[PDB]
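As numbered in PDB author numbering, the sequence shown has no gaps in its residue numbers, which increase by one up to the final residue, 298.
The C-beta atom is built at its ideal place from N, Cα and C for all residues, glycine as well.
So the structure is just underneath, and the comments pick up after that.
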Amino acid sequence: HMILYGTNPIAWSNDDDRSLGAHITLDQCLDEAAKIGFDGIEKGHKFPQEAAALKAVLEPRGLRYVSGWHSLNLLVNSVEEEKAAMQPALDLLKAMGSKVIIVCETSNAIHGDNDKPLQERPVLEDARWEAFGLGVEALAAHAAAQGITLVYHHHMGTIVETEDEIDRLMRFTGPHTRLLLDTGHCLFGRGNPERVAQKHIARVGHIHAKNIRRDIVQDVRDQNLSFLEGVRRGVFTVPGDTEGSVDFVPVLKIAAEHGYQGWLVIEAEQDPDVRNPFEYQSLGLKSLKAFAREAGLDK
Ligand SMILES: [Mn+2]
């Protein structure tokens, strides 16, 4: 298959807030992911991080290891310390057959901080962009030399949140640095997912099909809520949820027209007691494959 459909375990057990889905075992998450029809799944905090142990739980369920989030600290640590911090991840990904590493600068991020409003998120001083981009590119050239493509995950609560900042990451990196286009964080960050795709599709190496509930996002902005408070209130949902406001097909149409190959991952943080992951992830996969057909991406 030229298009593979993935999921992310934070639908089942949240990574940032371990009180969300704490009771849901790895075994349940993986059973339901396979049963729903996903081709693979991304790293979650309950995943073994050794190759044999991770293979032992994914292979019985027909699940490929899509990729894993790896946190960056380029703003406080040297490049060589950051290459040495990503290497264990690069080795696991190779042993698992994965082709992508997902990265985000978190050294000053606030999305994991429950008590910090999202409006207080860090902004990278204008003079530090050139150095920061160069450092990201150095990790991506390092990764590429090993078969792994770096995809940068712009993210609420980080220095890469707005559309303008996505454009600055793209100006100050390349050619090995790719963009992970997350439709949910892009709209949450007041950006236009379609317009971002128009500009950067040729650099997009990985796509997260995430939806937002416009009602809840407007609540987050007005009441000054943290990222994890938005998550608990349902700021995110899946493709095809009527309460959502992301327009998926135009983004998938841009991807089709330039020949995107690879994964589309449904990543939807929700409170799983209220928003059953089996239900919402079933809805997501059903709707995203429809949208991908309508877009001519999945032919
Ligand atoms: Mn994502």
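Beta-carbon proximity check, residue i vs residue j, cutoff 8 Å
i, j, result
"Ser12", "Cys28", "yes"
"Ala137", "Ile200", "no"
"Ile158", "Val122", "yes"
"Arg177", "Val203", "yes"
"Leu296", "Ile265", "no"
"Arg212", "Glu193", "no"
"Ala50", "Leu91", "yes"
"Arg127", "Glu160", "no"
"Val102", "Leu149", "yes"
"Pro276", "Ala10", "yes"
"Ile147", "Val78", "no"
"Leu117", "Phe226", "yes"
Coarse secondary structure for residue i, derived from DSSP in three states
i, result
"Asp14", "coil"
"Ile200", "helix"
"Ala108", "coil"
"residue 300", "A question about residue 300 goes unanswered here, because the residues of the chain that appear run from 0 up to 298."
"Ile165", "helix"
"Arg220", "helix"
"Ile9", "helix"
"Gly190", "coil"
"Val99", "strand"
"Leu178", "strand"
"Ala208", "strand"
"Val195", "helix"
"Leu62", "coil"
"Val56", "helix"
"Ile2", "strand"
"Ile158", "coil"
Segment limits, beta strand (DSSP E) that includes residue i
i, result
"residue 299", "Shown here, the chain extends from 0 to 298; a query on residue 299 therefore has no answer."
"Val264", "261–265"
"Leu149", "148–152"
Terminal residues of the alpha helix (DSSP H) in which residue i lies
i, result
"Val135", "128–143"
"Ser70", "First-last for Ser70: 68–71, but that is the beta strand (DSSP E), not the alpha helix (DSSP H)."
"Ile35", "25–35"
Pick from the options that is closest to residue i, judged by C-alpha positions
i, options, result
"residue 381", "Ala208, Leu251, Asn275", "The structure shown does not extend to residue 381, since the chain spans only 0 to 298, so no value can be given for it."
"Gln280", "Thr24, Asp16, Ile40", "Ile40"
"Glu81", "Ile211, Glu104, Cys185", "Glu104"
"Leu282", "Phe37, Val150, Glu119", "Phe37"
"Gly233", "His257, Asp272, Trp262", "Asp272"
"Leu3", "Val219, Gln48, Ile206", "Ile206"
"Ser106", "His69, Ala140, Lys98, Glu129", "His69"
"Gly43", "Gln118, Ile35, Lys34, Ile23", "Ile23"
"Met155", "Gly190, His0, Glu79", "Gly190"
"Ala94", "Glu256, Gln118, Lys54", "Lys54"
"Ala143", "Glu162, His153, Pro174", "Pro174"
"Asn72", "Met85, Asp112, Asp240, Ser66", "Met85"
"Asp114", "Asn223, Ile147, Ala33", "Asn223"
Checklist entry - Which ranges would you report for the beta strand (DSSP E) in the region 224–288 if only whole runs of at least 3 residues count? => result 261–265
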